[PDB]
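J.: I am sharing upload34.txt, which consists of compact mmCIF, C-alpha atoms and all ligand atoms:
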# COMPACT_ATOMS: atom_id res chain seq x y z
CA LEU R 577 100.14 113.80 91.00
CA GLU R 578 97.61 115.07 93.63
CA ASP R 579 94.19 113.73 92.55
CA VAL R 580 93.67 111.94 95.94
CA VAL R 581 94.84 114.68 98.39
CA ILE R 582 92.75 116.10 101.27
CA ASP R 583 93.01 119.58 102.87
CA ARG R 584 95.00 119.26 106.12
CA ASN R 585 92.46 121.35 108.13
CA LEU R 586 89.78 118.63 107.59
CA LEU R 587 91.99 116.25 109.66
CA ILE R 588 92.42 116.19 113.46
CA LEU R 589 95.06 113.77 114.81
CA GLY R 590 95.07 112.08 118.23
CA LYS R 591 96.57 109.14 120.13
CA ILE R 592 98.91 106.41 118.89
CA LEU R 593 97.44 103.09 117.64
CA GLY R 594 100.63 101.33 116.56
CA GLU R 595 104.03 101.69 114.89
CA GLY R 596 104.48 101.24 111.14
CA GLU R 597 107.74 100.98 109.21
CA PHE R 598 108.26 104.71 108.50
CA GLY R 599 106.56 106.02 111.68
CA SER R 600 103.60 106.00 114.07
CA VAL R 601 100.02 105.13 113.13
CA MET R 602 97.70 107.56 114.92
CA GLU R 603 93.95 107.67 115.42
CA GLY R 604 92.23 110.64 113.83
CA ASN R 605 89.03 112.41 112.87
CA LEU R 606 88.35 113.22 109.20
CA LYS R 607 85.74 115.88 108.37
CA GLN R 608 83.93 114.52 105.29
CA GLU R 609 82.38 116.44 102.37
CA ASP R 610 78.87 115.73 103.70
CA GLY R 611 79.79 117.68 106.90
CA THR R 612 80.09 114.67 109.27
CA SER R 613 83.25 113.36 110.94
CA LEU R 614 84.67 109.84 110.64
CA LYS R 615 87.16 107.98 112.81
CA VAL R 616 90.32 107.23 110.81
CA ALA R 617 93.80 105.75 111.11
CA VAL R 618 96.71 107.93 109.95
CA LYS R 619 100.15 106.49 109.05
CA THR R 620 102.83 109.20 109.36
CA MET R 621 106.38 110.34 108.46
CA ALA R 638 99.55 104.69 98.65
CA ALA R 639 99.73 104.78 94.83
CA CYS R 640 99.00 101.03 94.89
CA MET R 641 96.08 101.44 97.29
CA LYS R 642 94.32 104.06 95.11
CA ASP R 643 93.81 101.42 92.39
CA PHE R 644 91.98 98.97 94.83
CA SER R 645 88.26 98.50 95.48
CA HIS R 646 87.37 95.23 97.28
CA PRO R 647 85.79 94.50 100.73
CA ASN R 648 88.72 92.33 101.93
CA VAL R 649 91.39 94.84 100.81
CA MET R 650 92.07 98.08 102.68
CA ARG R 651 91.08 101.19 100.72
CA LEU R 652 92.70 104.63 100.51
CA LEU R 653 90.65 107.47 102.04
CA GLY R 654 93.22 110.10 101.06
CA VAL R 655 96.61 111.78 101.56
CA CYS R 656 97.61 114.91 103.51
CA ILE R 657 100.89 116.85 103.51
CA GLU R 658 101.35 119.14 106.51
CA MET R 659 104.38 121.46 106.43
CA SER R 660 106.43 121.84 109.62
CA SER R 661 108.81 124.83 109.87
CA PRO R 667 103.10 113.32 104.55
CA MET R 668 100.23 111.29 106.05
CA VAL R 669 98.26 108.41 104.49
CA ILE R 670 94.65 108.27 105.79
CA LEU R 671 93.12 104.77 106.15
CA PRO R 672 89.86 103.39 107.66
CA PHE R 673 89.77 102.70 111.41
CA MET R 674 89.98 98.97 112.17
CA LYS R 675 88.53 98.73 115.70
CA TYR R 676 89.85 95.24 116.59
CA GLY R 677 93.34 96.00 115.21
CA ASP R 678 95.68 93.48 113.61
CA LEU R 679 94.58 89.84 113.43
CA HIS R 680 97.67 88.36 115.14
CA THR R 681 97.11 90.35 118.34
CA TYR R 682 93.35 89.65 118.24
CA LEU R 683 94.11 85.91 118.12
CA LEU R 684 96.46 86.21 121.11
CA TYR R 685 93.78 88.01 123.17
CA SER R 686 91.23 85.28 122.26
CA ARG R 687 93.22 82.84 124.45
CA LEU R 688 92.83 85.12 127.53
CA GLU R 689 89.72 86.69 129.22
CA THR R 690 88.75 90.30 128.39
CA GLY R 691 87.57 91.36 124.90
CA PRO R 692 86.57 88.41 122.65
CA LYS R 693 85.25 84.98 123.70
CA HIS R 694 86.47 81.54 122.52
CA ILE R 695 86.65 81.77 118.72
CA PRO R 696 85.22 78.60 117.11
CA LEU R 697 86.62 76.81 114.03
CA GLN R 698 84.09 78.37 111.59
CA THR R 699 85.10 81.92 112.60
CA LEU R 700 88.81 81.10 112.04
CA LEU R 701 87.96 79.72 108.58
CA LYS R 702 86.03 82.91 107.80
CA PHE R 703 89.21 84.91 108.58
CA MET R 704 91.07 82.59 106.20
CA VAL R 705 88.35 82.95 103.54
CA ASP R 706 88.34 86.77 103.94
CA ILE R 707 92.12 86.89 103.42
CA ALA R 708 91.86 84.47 100.46
CA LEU R 709 89.23 86.74 98.83
CA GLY R 710 91.45 89.78 99.45
CA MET R 711 94.41 87.99 97.90
CA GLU R 712 92.34 86.56 95.01
CA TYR R 713 91.47 90.16 94.05
CA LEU R 714 95.07 91.43 94.33
CA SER R 715 96.32 88.33 92.48
CA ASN R 716 94.02 89.09 89.50
CA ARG R 717 95.47 92.63 89.30
CA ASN R 718 98.94 90.92 89.18
CA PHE R 719 99.82 92.79 92.37
CA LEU R 720 102.30 91.13 94.73
CA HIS R 721 101.85 91.76 98.49
CA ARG R 722 105.41 90.70 99.54
CA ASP R 723 104.55 90.84 103.29
CA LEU R 724 101.47 88.71 104.05
CA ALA R 725 101.10 87.77 107.72
CA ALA R 726 98.45 87.84 110.47
CA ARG R 727 99.97 91.08 111.87
CA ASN R 728 99.33 92.71 108.45
CA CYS R 729 95.66 91.59 108.35
CA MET R 730 93.28 94.05 110.02
CA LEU R 731 89.81 93.73 111.55
CA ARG R 732 86.85 95.88 110.53
CA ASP R 733 84.08 96.95 112.92
CA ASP R 734 81.80 94.22 111.41
CA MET R 735 84.36 91.41 112.14
CA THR R 736 85.46 91.05 108.48
CA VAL R 737 89.20 90.83 107.73
CA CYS R 738 91.02 92.86 105.09
CA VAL R 739 94.64 92.63 103.88
CA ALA R 740 96.87 95.67 104.46
CA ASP R 741 100.49 96.96 104.25
CA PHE R 742 101.53 96.95 100.60
CA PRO R 763 110.31 88.60 107.94
CA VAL R 764 112.18 85.35 107.22
CA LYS R 765 109.62 82.75 108.33
CA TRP R 766 106.93 83.83 105.80
CA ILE R 767 109.25 83.89 102.74
CA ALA R 768 109.38 80.88 100.39
CA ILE R 769 112.36 78.72 99.32
CA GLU R 770 112.81 80.08 95.78
CA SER R 771 112.78 83.69 97.13
CA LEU R 772 116.10 83.01 98.98
CA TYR R 777 109.11 87.24 94.41
CA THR R 778 106.12 85.94 92.43
CA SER R 779 102.42 85.42 93.15
CA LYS R 780 103.29 81.91 94.38
CA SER R 781 105.62 83.29 97.11
CA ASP R 782 102.53 85.24 98.24
CA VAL R 783 100.72 81.86 98.37
CA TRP R 784 103.48 80.48 100.65
CA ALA R 785 103.04 83.39 103.09
CA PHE R 786 99.26 82.86 103.02
CA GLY R 787 99.80 79.24 104.12
CA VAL R 788 101.95 80.55 106.99
CA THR R 789 99.16 83.02 107.87
CA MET R 790 96.64 80.11 107.81
CA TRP R 791 98.91 78.33 110.30
CA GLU R 792 99.06 81.48 112.50
CA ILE R 793 95.25 81.61 112.59
CA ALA R 794 94.91 77.86 113.27
CA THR R 795 97.44 78.08 116.12
CA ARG R 796 95.82 81.32 117.40
CA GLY R 797 99.03 83.33 117.07
CA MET R 798 102.02 80.97 117.43
CA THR R 799 105.28 82.15 115.94
CA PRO R 800 106.13 79.84 112.98
CA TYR R 801 108.72 77.06 113.45
CA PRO R 802 109.12 76.65 117.24
CA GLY R 803 112.68 75.62 118.14
CA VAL R 804 114.02 76.96 114.81
CA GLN R 805 116.12 80.13 114.37
CA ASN R 806 115.87 82.60 111.47
CA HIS R 807 119.35 81.87 110.06
CA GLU R 808 118.48 78.15 110.26
CA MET R 809 115.30 78.47 108.09
CA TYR R 810 116.76 78.07 104.58
CA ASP R 811 118.38 74.70 105.41
CA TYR R 812 115.32 73.59 107.45
CA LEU R 813 113.18 74.13 104.34
CA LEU R 814 115.89 72.75 101.97
CA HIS R 815 115.62 69.31 103.65
CA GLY R 816 111.81 69.34 103.12
CA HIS R 817 110.57 70.24 106.62
CA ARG R 818 107.41 72.35 106.94
CA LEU R 819 105.18 73.88 109.65
CA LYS R 820 103.72 71.06 111.76
CA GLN R 821 100.01 70.30 111.95
CA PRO R 822 98.30 72.25 114.83
CA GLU R 823 96.52 70.53 117.74
CA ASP R 824 92.77 70.01 117.15
CA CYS R 825 93.04 70.99 113.48
CA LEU R 826 91.47 69.07 110.61
CA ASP R 827 93.45 67.04 108.06
CA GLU R 828 91.45 68.74 105.28
CA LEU R 829 92.59 72.15 106.52
CA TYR R 830 96.21 71.02 106.93
CA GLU R 831 96.14 69.63 103.36
CA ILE R 832 95.23 73.12 102.10
CA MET R 833 97.95 75.03 104.02
CA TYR R 834 100.55 72.32 103.26
CA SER R 835 99.83 72.73 99.52
CA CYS R 836 101.01 76.36 99.82
CA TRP R 837 104.52 75.19 100.77
CA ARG R 838 105.38 72.80 97.91
CA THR R 839 109.00 73.19 96.74
CA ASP R 840 108.07 73.99 93.13
CA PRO R 841 106.08 77.27 92.94
CA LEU R 842 104.01 75.94 90.01
CA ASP R 843 102.76 73.03 92.15
CA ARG R 844 101.10 75.46 94.61
CA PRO R 845 97.40 76.37 94.10
CA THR R 846 96.21 79.85 93.09
CA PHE R 847 94.38 82.11 95.56
CA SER R 848 91.11 81.38 93.71
CA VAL R 849 91.69 77.61 94.06
CA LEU R 850 92.53 78.21 97.74
CA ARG R 851 89.48 80.41 98.26
CA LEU R 852 87.06 77.75 96.95
CA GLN R 853 88.68 75.00 99.06
CA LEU R 854 88.31 77.10 102.22
CA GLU R 855 84.73 78.17 101.36
CA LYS R 856 83.59 74.55 100.78
CA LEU R 857 85.42 73.31 103.90
CA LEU R 858 83.63 76.03 105.88
CA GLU R 859 80.24 74.99 104.40
CA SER R 860 80.79 71.36 105.51
CA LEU R 861 80.50 72.07 109.29
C1 LIG R 901 98.83 96.28 108.65
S1 LIG R 901 98.79 98.09 108.67
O1 LIG R 901 99.69 98.59 107.69
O2 LIG R 901 97.42 98.51 108.69
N1 LIG R 901 99.47 98.48 110.13
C2 LIG R 901 100.94 98.67 110.23
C3 LIG R 901 101.39 99.42 111.49
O3 LIG R 901 100.60 99.02 112.62
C4 LIG R 901 99.21 99.32 112.51
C5 LIG R 901 98.44 98.91 113.73
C6 LIG R 901 98.90 98.02 114.62
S2 LIG R 901 97.68 97.81 115.88
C7 LIG R 901 96.64 98.96 115.05
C8 LIG R 901 95.30 99.37 115.52
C9 LIG R 901 94.96 98.99 116.82
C10 LIG R 901 93.73 99.34 117.34
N2 LIG R 901 93.44 98.93 118.65
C11 LIG R 901 93.94 99.75 119.77
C12 LIG R 901 94.01 98.80 120.98
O4 LIG R 901 92.73 98.14 121.16
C13 LIG R 901 92.18 97.38 120.07
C14 LIG R 901 92.11 98.31 118.85
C15 LIG R 901 92.82 100.06 116.55
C16 LIG R 901 93.15 100.44 115.26
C17 LIG R 901 94.40 100.11 114.72
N3 LIG R 901 94.79 100.41 113.41
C18 LIG R 901 94.04 100.82 112.36
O5 LIG R 901 92.86 101.06 112.44
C19 LIG R 901 94.66 100.97 111.05
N4 LIG R 901 93.97 101.06 109.87
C20 LIG R 901 94.90 101.16 108.88
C21 LIG R 901 96.12 101.11 109.48
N5 LIG R 901 95.95 100.98 110.80
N6 LIG R 901 97.25 99.39 113.98
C22 LIG R 901 98.59 98.56 111.32
Would it be possible to restate this file's structure as structure tokens?
Ligand SMILES: CS(=O)(=O)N1CCO[C@H](c2csc(-c3cc(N4CCOCC4)ccc3NC(=O)c3ncc[nH]3)n2)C1
T.:
Amino acid sequence: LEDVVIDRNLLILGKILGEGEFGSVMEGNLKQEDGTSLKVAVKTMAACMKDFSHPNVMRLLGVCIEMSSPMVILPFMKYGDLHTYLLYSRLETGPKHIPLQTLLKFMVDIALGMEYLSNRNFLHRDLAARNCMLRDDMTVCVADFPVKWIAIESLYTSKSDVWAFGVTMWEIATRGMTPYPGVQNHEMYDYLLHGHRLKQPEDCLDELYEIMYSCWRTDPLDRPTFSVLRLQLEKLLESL
């Protein structure tokens, strides 16, 4: 089924950007049909992605299969994963102090991305700040289609995706804290069973904590939809 394939000679691979599940993600140059070349990311060593068109969801540029003796091509995200970008924001090199409105925009971006995928009845199954990438224009898009992001009942529906989104909201609000400090992975199921949740971050609004807390209700049906979540975050952002 090769409607999305690209000729291998149009692609030039280069240095490593990160490590995915099945192999290395490399930087690359893709020669386009209009003659010009574009910087790309190439996972090495997709059917879902072909069906997606939305700003806050990573798109498929193509596929290549080189023979030795496959590679999925994706857009280059110049600031990398969101988790690592948040960590750097607490030091002094690349980005400055990120204000509250910019963190909410990251949350809104992800919510929009998930709203779209949720309407297609597509389940992410791995939503986290490390799986959210940063475009050259500072917009976030969800990508990659881990015990502390999985919900109670899942130990998967669209509401277990909502749980993981709440955890990702917490990650962004804490600027890259690992969830559940002083709690081990084996310990999680019982920690959640007794009704304990991620604690409210430091200088973080009650309105915001209400929203992320609502993602972790015991009953999946009590959680809000991504569209409900998206509006709550958008209106909270507007009130600053
Ligand atoms: C969630 S994912 O499935 O996308 N995934 C999984 C495996 O690890 C990959 C990863 C980690 S860090 C990184 C990256 C880092 C930089 N940086 C290099 C160091 O300085 C800042 C920019 C620049 C570009 C980068 N990636 C991309 O453009 C790109 N697009 C599409 C897939 N990957 N990529 C990402």
J.: Neighbours of ligand LIG 901 (chain R) at 7 Å or closer, counting only C-alpha atoms and all ligand atoms: which residues, as a PyMOL selection string?
T.: chain R and resi 593-597+601+616-619+671-678+727-730+740-741
J.: Which neighbours of residue R:591 fall inside 9 Å, counting only C-alpha atoms, when residues of the same chain fewer than 3 positions from it are skipped, and could you give them as a PDB file with C-alpha atoms, keeping the file's coordinate frame?
T.:
ATOM      1  CA  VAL R 601     100.020 105.130 113.130  1.00  0.00           C
ATOM      2  CA  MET R 602      97.700 107.560 114.920  1.00  0.00           C
ATOM      3  CA  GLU R 603      93.950 107.670 115.420  1.00  0.00           C
ATOM      4  CA  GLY R 604      92.230 110.640 113.830  1.00  0.00           C
TER       5      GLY R 604
END
J.: Which residue out of R:645, R:715, R:781, R:835 has the minimum interatomic distance to residue R:848 when all atoms listed in the file are used?
T.: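 Residue with the minimum atom-to-atom distance to residue R:848: R:715.
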J.: Considering all atoms listed in the file, state which residue in the set R:691, R:787, R:797, R:841 is at the smallest distance from residue R:819.
T.: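 Using all atoms listed in the file, residue R:819 sits closest to R:787.
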J.: Between atom CA of residue R:788 and atom CA of residue R:833, what is the spacing in Å?
T.: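 Atom CA of residue R:833 sits 7.4 Å away from atom CA of residue R:788.
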J.: For a quick check of understanding, using all atoms listed in the file, which of R:778, R:620, R:853, R:612 has the smallest distance to residue R:589?
T.: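 The closest residue to residue R:589 is R:620.
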J.: Which neighbours of residue R:804 fall inside 12 Å, counting only C-alpha atoms, when residues of the same chain fewer than 2 positions from it are skipped, and could you give them as a ChimeraX atom specification?
T.: /R:764-765,799-802,806-813,817-819
J.: Calculate how many Å separate atom CA of residue R:792 from atom CA of residue R:685, rounding to one decimal.
T.: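 Taking atom CA of residue R:792 and atom CA of residue R:685, their separation equals 13.6 Å.
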J.: Can you list, as an MDAnalysis selection string, every protein, DNA or RNA residue that comes within 10 Å of residue R:684 when you count all atoms listed in the file, leaving out same-chain residues fewer than 5 positions away?
T.: chainID R and resid 679 793 795:798
J.: Return as lines of an AutoDock Vina configuration file the centre and edge lengths, in Å with one decimal, of the box along x, y and z that encloses every atom of stretch 726-736 of chain R in the file, padded by 5 Å per side.
T.:
center_x = 90.9
center_y = 92.4
center_z = 110.6
size_x = 28.2
size_y = 19.1
size_z = 14.6
J.: Quick one: distance from atom CA of residue R:670 to atom CA of residue R:580 in Å, one decimal?
T.: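 Calculated distance between atom CA of residue R:670 and atom CA of residue R:580 is 10.6 Å.
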J.: From the options R:641, R:785, R:585, R:646, which residue's atoms come nearest to residue R:608, counting only C-alpha atoms?
T.: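 Closest to residue R:608 of all the choices is R:585.
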J.: Determine the nearest neighbour of residue R:854 from the options R:783, R:704, R:790, R:825, counting only C-alpha atoms.
T.: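 When distances to residue R:854 are compared using only C-alpha atoms, the smallest one comes from R:704.
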J.: Give the answer as one residue: which of R:842, R:581, R:707, R:735 has the shortest atom-to-atom distance to residue R:649, using all atoms listed in the file?
T.: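 Using all atoms listed in the file, residue R:649 sits closest to R:707.
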J.: Output stretch 733-772 of chain R as a PDB file, in the coordinates of the input, making sure N, CA, C and O atoms are there.
T.:
ATOM      1  N   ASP R 733      85.099  96.838 111.868  1.00  0.00           N
ATOM      2  CA  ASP R 733      84.080  96.950 112.920  1.00  0.00           C
ATOM      3  C   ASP R 733      82.974  95.884 112.830  1.00  0.00           C
ATOM      4  O   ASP R 733      82.340  95.579 113.835  1.00  0.00           O
ATOM      5  N   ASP R 734      82.754  95.330 111.632  1.00  0.00           N
ATOM      6  CA  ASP R 734      81.800  94.220 111.410  1.00  0.00           C
ATOM      7  C   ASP R 734      82.423  92.805 111.461  1.00  0.00           C
ATOM      8  O   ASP R 734      81.807  91.845 110.984  1.00  0.00           O
ATOM      9  N   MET R 735      83.632  92.686 112.015  1.00  0.00           N
ATOM     10  CA  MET R 735      84.360  91.410 112.140  1.00  0.00           C
ATOM     11  C   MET R 735      84.893  90.793 110.840  1.00  0.00           C
ATOM     12  O   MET R 735      85.400  89.674 110.866  1.00  0.00           O
ATOM     13  N   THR R 736      84.830  91.515 109.720  1.00  0.00           N
ATOM     14  CA  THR R 736      85.460  91.050 108.480  1.00  0.00           C
ATOM     15  C   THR R 736      86.943  91.423 108.501  1.00  0.00           C
ATOM     16  O   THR R 736      87.337  92.427 109.106  1.00  0.00           O
ATOM     17  N   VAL R 737      87.757  90.595 107.849  1.00  0.00           N
ATOM     18  CA  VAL R 737      89.200  90.830 107.730  1.00  0.00           C
ATOM     19  C   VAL R 737      89.504  91.440 106.370  1.00  0.00           C
ATOM     20  O   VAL R 737      88.873  91.092 105.372  1.00  0.00           O
ATOM     21  N   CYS R 738      90.473  92.346 106.338  1.00  0.00           N
ATOM     22  CA  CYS R 738      91.020  92.860 105.090  1.00  0.00           C
ATOM     23  C   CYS R 738      92.541  92.886 105.131  1.00  0.00           C
ATOM     24  O   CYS R 738      93.125  93.101 106.191  1.00  0.00           O
ATOM     25  N   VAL R 739      93.170  92.642 103.979  1.00  0.00           N
ATOM     26  CA  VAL R 739      94.640  92.630 103.880  1.00  0.00           C
ATOM     27  C   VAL R 739      95.156  94.059 103.748  1.00  0.00           C
ATOM     28  O   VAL R 739      94.524  94.902 103.114  1.00  0.00           O
ATOM     29  N   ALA R 740      96.304  94.319 104.365  1.00  0.00           N
ATOM     30  CA  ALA R 740      96.870  95.670 104.460  1.00  0.00           C
ATOM     31  C   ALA R 740      98.397  95.617 104.346  1.00  0.00           C
ATOM     32  O   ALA R 740      98.977  94.534 104.301  1.00  0.00           O
ATOM     33  N   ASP R 741      99.021  96.794 104.299  1.00  0.00           N
ATOM     34  CA  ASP R 741     100.490  96.960 104.250  1.00  0.00           C
ATOM     35  C   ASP R 741     101.148  96.435 102.974  1.00  0.00           C
ATOM     36  O   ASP R 741     101.722  95.336 102.944  1.00  0.00           O
ATOM     37  N   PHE R 742     101.103  97.283 101.949  1.00  0.00           N
ATOM     38  CA  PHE R 742     101.530  96.950 100.600  1.00  0.00           C
ATOM     39  C   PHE R 742     102.897  97.572 100.276  1.00  0.00           C
ATOM     40  O   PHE R 742     103.122  98.767 100.487  1.00  0.00           O
ATOM     41  N   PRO R 763     110.933  89.671 107.166  1.00  0.00           N
ATOM     42  CA  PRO R 763     110.310  88.600 107.940  1.00  0.00           C
ATOM     43  C   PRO R 763     110.585  87.225 107.320  1.00  0.00           C
ATOM     44  O   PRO R 763     109.896  86.805 106.389  1.00  0.00           O
ATOM     45  N   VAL R 764     111.583  86.535 107.864  1.00  0.00           N
ATOM     46  CA  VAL R 764     112.180  85.350 107.220  1.00  0.00           C
ATOM     47  C   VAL R 764     111.195  84.184 107.120  1.00  0.00           C
ATOM     48  O   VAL R 764     111.109  83.525 106.079  1.00  0.00           O
ATOM     49  N   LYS R 765     110.438  83.955 108.192  1.00  0.00           N
ATOM     50  CA  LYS R 765     109.620  82.750 108.330  1.00  0.00           C
ATOM     51  C   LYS R 765     108.325  82.720 107.491  1.00  0.00           C
ATOM     52  O   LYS R 765     107.589  81.735 107.534  1.00  0.00           O
ATOM     53  N   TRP R 766     108.048  83.790 106.745  1.00  0.00           N
ATOM     54  CA  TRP R 766     106.930  83.830 105.800  1.00  0.00           C
ATOM     55  C   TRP R 766     107.381  83.794 104.339  1.00  0.00           C
ATOM     56  O   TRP R 766     106.542  83.662 103.443  1.00  0.00           O
ATOM     57  N   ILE R 767     108.692  83.889 104.099  1.00  0.00           N
ATOM     58  CA  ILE R 767     109.250  83.890 102.740  1.00  0.00           C
ATOM     59  C   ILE R 767     109.496  82.460 102.269  1.00  0.00           C
ATOM     60  O   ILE R 767     109.913  81.608 103.056  1.00  0.00           O
ATOM     61  N   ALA R 768     109.247  82.214 100.983  1.00  0.00           N
ATOM     62  CA  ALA R 768     109.380  80.880 100.390  1.00  0.00           C
ATOM     63  C   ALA R 768     110.823  80.541 100.011  1.00  0.00           C
ATOM     64  O   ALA R 768     111.712  81.404 100.030  1.00  0.00           O
ATOM     65  N   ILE R 769     111.030  79.269  99.659  1.00  0.00           N
ATOM     66  CA  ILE R 769     112.360  78.720  99.320  1.00  0.00           C
ATOM     67  C   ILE R 769     112.985  79.487  98.163  1.00  0.00           C
ATOM     68  O   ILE R 769     114.051  80.090  98.320  1.00  0.00           O
ATOM     69  N   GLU R 770     112.312  79.451  97.012  1.00  0.00           N
ATOM     70  CA  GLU R 770     112.810  80.080  95.780  1.00  0.00           C
ATOM     71  C   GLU R 770     113.215  81.559  95.957  1.00  0.00           C
ATOM     72  O   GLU R 770     114.187  82.016  95.354  1.00  0.00           O
ATOM     73  N   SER R 771     112.498  82.276  96.826  1.00  0.00           N
ATOM     74  CA  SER R 771     112.780  83.690  97.130  1.00  0.00           C
ATOM     75  C   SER R 771     114.031  83.932  98.011  1.00  0.00           C
ATOM     76  O   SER R 771     114.240  85.056  98.481  1.00  0.00           O
ATOM     77  N   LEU R 772     114.846  82.896  98.235  1.00  0.00           N
ATOM     78  CA  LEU R 772     116.100  83.010  98.980  1.00  0.00           C
ATOM     79  C   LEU R 772     117.260  82.424  98.178  1.00  0.00           C
ATOM     80  O   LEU R 772     117.260  82.461  96.943  1.00  0.00           O
TER      81      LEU R 772
END
